[PDB]
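The data below hold one chain only, encoded as C-alpha cells and taken in the form deposited in one PDB entry.
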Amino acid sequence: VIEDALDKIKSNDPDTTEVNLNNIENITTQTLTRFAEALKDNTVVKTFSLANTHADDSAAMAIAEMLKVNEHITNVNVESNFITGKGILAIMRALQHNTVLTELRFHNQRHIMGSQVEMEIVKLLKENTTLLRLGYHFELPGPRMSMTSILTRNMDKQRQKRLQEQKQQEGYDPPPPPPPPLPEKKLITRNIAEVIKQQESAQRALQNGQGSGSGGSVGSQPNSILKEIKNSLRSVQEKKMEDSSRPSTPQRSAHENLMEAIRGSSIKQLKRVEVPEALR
C-alpha cells in the first residue's frame, strides 16, 4: 500500500524510482508532508507524483522546501488537486535556485489560478535555467508568451552544451471511440512538382550569410558598395594622418569647466526665435 512505498522512500531502496500516488483515497496533508520530508534527504527518487489526491498549499509548502533540499527528483506531478496560487507560488520561489527539477505539473486545480498569481509565475521562474516543461495552461497571452520563451532558452542551454562537449573534439558524434477514417491507395493527384523546381531555382533573395555579427550593420553590401561616395581616397595620392602637437587625457580645466557649463544649460537660456515657414 502506501507504507510499502513510504518504507522504501526512507529506506533508500536502490530500486524504487517512481513514487506513484495517483488517485489514492484518503491521503492527508501530514501524510503527504511526511512523504515530502521522507524525500528531504533521499537520492533514489526521480519521479514523485500525487495526482487527484485533495492536495493543498501545505502539501505544496511541504513539497516546495523539499524541492530546495533535494537534488535527484527531476519531475513533480501535483495534478488535479485543490491547490491555490498561494501554494503554487511556494513551489515556484523554491525553484529560484533549484537546478535539478526539470518538469512540474499543476494542471486542473480547484479554482482559476488568478492573474497576479499568473504574472508572478513568469517573473519568478525568470531566473530559473533548469526547468524544461511546465505543465499548466496560462489563461493570459502575456505570461504564456513570456513563459514559453523561457523553457526554450533553458532547453537551448542543453543544445549549446551538447555543442561544446558532444562533438567539439570528442573524436566523433468506458464506451466507444467512434472511428470511421479512410483506407489508402497513394497519390495520383499532382503538379506541385514545378514550384519545387522553381523553389530550388530561387530563394535567398538579396543577401544573408555569416556566423555572428558582433561588428556593425553587416549591411548587405549593395548599399555600402553602391554608395561608392564614402570610399575615401585609398591606394594612391595624399597620406592623411593627423598626428599633432603634444596634448593628453588627464585632468583638464578648460574642457571640464566647458563640460560643467554644457551640462548646466538648457534652451531656457536662449533668446526666443521661430522657424515655421516653408519657402516656395
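Definition used throughout: the rigid core is the maximal C-alpha set that superposes within 1.5 Å between two forms. All residue numbers refer to positions in the sequence shown, first residue = 1. Residues that one form lacks are left out of the comparison.
Same protein, other form: the form deposited in another entry, not shown, and the subject of what follows.
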Is residue 14 displaced by at least 2 Å at its C-alpha between this form and the one not shown when the rigid core is overlaid? no
After fitting the rigid core, is the C-alpha of residue 25 off by 2 Å or more between this form and the one not shown? no
Where does the protein shift between this form and the one not shown, taking runs of 3+ residues with every CA moved 2 Å or more once the core is matched? 252 to 274
